[PDB]
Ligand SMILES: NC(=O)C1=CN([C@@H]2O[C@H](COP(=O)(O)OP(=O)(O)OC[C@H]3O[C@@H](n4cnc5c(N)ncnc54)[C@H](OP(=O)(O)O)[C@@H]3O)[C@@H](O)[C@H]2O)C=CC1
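We begin with a single chain expressed as structure tokens, specifically the form deposited without this ligand.
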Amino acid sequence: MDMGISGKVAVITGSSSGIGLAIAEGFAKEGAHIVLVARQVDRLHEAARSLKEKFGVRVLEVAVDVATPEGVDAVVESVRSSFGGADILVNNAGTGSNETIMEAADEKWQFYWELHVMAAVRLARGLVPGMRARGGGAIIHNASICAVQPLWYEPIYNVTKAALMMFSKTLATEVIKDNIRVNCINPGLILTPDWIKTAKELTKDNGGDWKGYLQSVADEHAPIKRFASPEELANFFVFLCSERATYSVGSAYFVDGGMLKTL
């Protein structure tokens, strides 16, 4: 299936490693030019070169913090000057949380709000004009299964991911007149660096069986009884941003291997 993505400009946040990078690799395969946005400068270099060397696409690096207005502003200016504008926006930047409502500081609630919601909000305000002028395009929000099905230990992640999911929906109705399709992807258990590292830290005192630990999490939560590869998830982002998905508007697509327990 021809995705019709060749030559398009895709800006992806949280893309120095893990899910963000695999999504960027997915677009590169389809001939998309890629704007990588992340905090980690060195990992950004790693990623950009790897994309160039494997796929031969153009890659622009924007090493900023999207949780701040200044950082978002830098992104939009790098995009404007290099390519004119973007055709594809993927809001992937974010991190899990770990707390109780009773003991977490106000500053932390604020932080995730800035990261998960305000970043998508600011990047939309910033990039939509250029996108509007280029004839339209696609925006994707990577929320989480937690936006609908909260995990007990991360209330702030749950709350702010639900806010993101709703934002996606409201944005969708605002910009569709501009031929801009806005959708939302809710991944389940995705085998990331973060997951492996927390598997290392939690088993260091009981024998370091990290694959055994991961397997029991998957057995507990997912009927398919495995984590997904970031590459598997990536496939869905690419297809939803393609000219093969032209009727997808304001929807929430789950990629969770059965983990969602509700209709």
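Residues carry their position along the shown sequence, with the first being 1.
Note that the form deposited with this ligand bound isn't included here; everything after this is about it.
- 39 is the sole member of 226, 52, 45, 39 with a non-hydrogen atom lying within 4.5 angstroms of this ligand in the entry with it bound.
- This ligand in the entry with it bound comes within 4.5 Å of a heavy atom belonging to residue 192.
- Contact check for residue 34: every heavy atom lies farther than 4.5 Å from this ligand in the entry with it bound.
- Remark: residue 117 does not count among the residues lining this ligand in the entry with it bound, judged by a heavy atom distance of 4.5 Å or less.
- Mapping the unseen interface onto this chain, residue 17 counts among the residues with a heavy atom inside 4.5 Å of this ligand in the entry with it bound.
- Using a 4.5 Å heavy atom cutoff, none of 78, 85 and 127 lies near this ligand in the entry with it bound.
- Residues 64, 65, 66, 67, 92 are the members of 54 to 92 with a non-hydrogen atom no more than 4.5 angstroms from this ligand in the entry with it bound.
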